[PDB]
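Participant: Residue numbers (the authors' numbering): 9 to 209. Sharing a structure here in structure tokens format.
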DNA sequence: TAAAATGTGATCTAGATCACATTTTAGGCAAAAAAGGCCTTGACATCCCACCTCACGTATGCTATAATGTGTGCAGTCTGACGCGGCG
Ligand SMILES: Nc1ncnc2c1ncn2[C@@H]1O[C@@H]2COP(=O)(O)O[C@H]2[C@H]1O
């Protein structure tokens with residue numbers, strides 16, 4: 009259907025894991041699409057500490073904020089959650105096929121609207137809640153993300169203390185201690201990498 | 001000038017620090033073994049085949065008082081023109 013006509017035009021590259029997608033500040037000259045896999049968008053500070061922006065699954069056009077004004081840059085890092093086949097688009101051609109077909113910026117209305125909605129409650133939560141609420145609702149939303157697997161009492165997922173410390177804006181063993189308290193509160197099971205939340209659905 | 005904004009500062013309060021030992025656990029590399037894919041075996045079940053197989057059916061033969069030329073149930077006749085064979 010629609011997607012067939014647009015993949016008919018695209019140029020593709022295969023991405024290994026562990027590496028960089030976007031380099032912040034450089035010339036933004038291409039839009040991409042997640043052909044297969046998952047990715048983690050994030051950003052550094054002056055000191056170099058990472059702080060995660062989000063994860064992203066299938067159904068995502070990628071590297072879009074540079075599409076629009078002449079002479080823009082990359083406003084964030086994007087790092088490998090997994091190995092990912094990824095597409096290629098130029099911007100003059102973006103003018104061409106937005107003009108002869110308006111459904112792609114209808115799609116990008118979809119995705120970008122989701123992204124500043126989810127970001128709207130990212131910052132909205134970033135003001136007020138406490139670390140309990142931060143990591144709690146974090147792992148709720150990751151329980152909504154399809155990367156988690158089904159456990160017969162809920163949802164299981166595999167992650168370390170460091171990266172969730174880079175989610176909620178605090179240190180890793182802090183979330184370790186309140187995590188073990190949360191175990192003692194009987195709302196999770198937890199063996200090392202593999203953690204599980206019940207109460208889903 | 002009504003009504004919202006602006007200083008008192010001492011007394012606190014949930015997380016970050018910070019070097020180093022110990023887990024784990026990947027993830028991914030070598031693989032043991034089991035369960036399909038490959039074949040076989042024994043055992044069964046059902047036949048196809050045909051090979052027979054007797055009962056019932058069927059092809060054929062005579063019957064010696066004597067008897068000896070149909071018909072047989074119909075048609076109802078339409079009619080005007082054209083060929084042809086007699087017909088003088
Ligand atoms: N708040 C956000 N939500 C989703 N994606 C983002 C956000 N900020 C940056 N990005 C992505 O990170 C990319 C970095 O380079 P760009 O600015 O060209 O395009 C950006 C987006 O694709």
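Each residue gets a CB set at the ideal place from its N, CA and C atoms; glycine is no exception.
#1: Any heavy atom of ligand 1 closer than 7 Å to the beta-carbon of residue 83?
#2: Taking the alpha carbon of residue 49 as the reference point, which residue from 37, 69, 35 has its own alpha carbon closest?
#3: Are the segment 132-144 and the segment 108-117 touching, with three or more C-beta to C-beta distances below 8 Å?
#4: In three-state terms, what does DSSP make of residue 137?
#5: Of the residues 200, 182, 176, which one's Cα is nearest the Cα of residue 164?
#6: With a floor of 3 residues, list each beta strand (DSSP E) that falls wholly inside the segment 44-83, ordered by position along the chain.
#7: Just reading off the alpha helix (DSSP H) that residue 106 is part of, what are its end residues?
#8: Would you mind reading off the limits of the beta strand (DSSP E) that contains residue 158?
#9: Could you check whether residue 124 and residue 72 sit closer than 8 Å to each other, using their CB atoms as the reference points?
#10: Ligand 3 and residue 73: does the residue's C-beta get closer than 7 Å to at least one heavy atom of that ligand?
Facilitator: Well, looking at it:
#1: yes
#2: 69
#3: no
#4: coil
#5: 200
#6: 47-51, 59-64
#7: 99-107
#8: 157-159
#9: no
#10: Ligands present in the displayed structure are limited to ligand 1, and ligand 3 is not among them.
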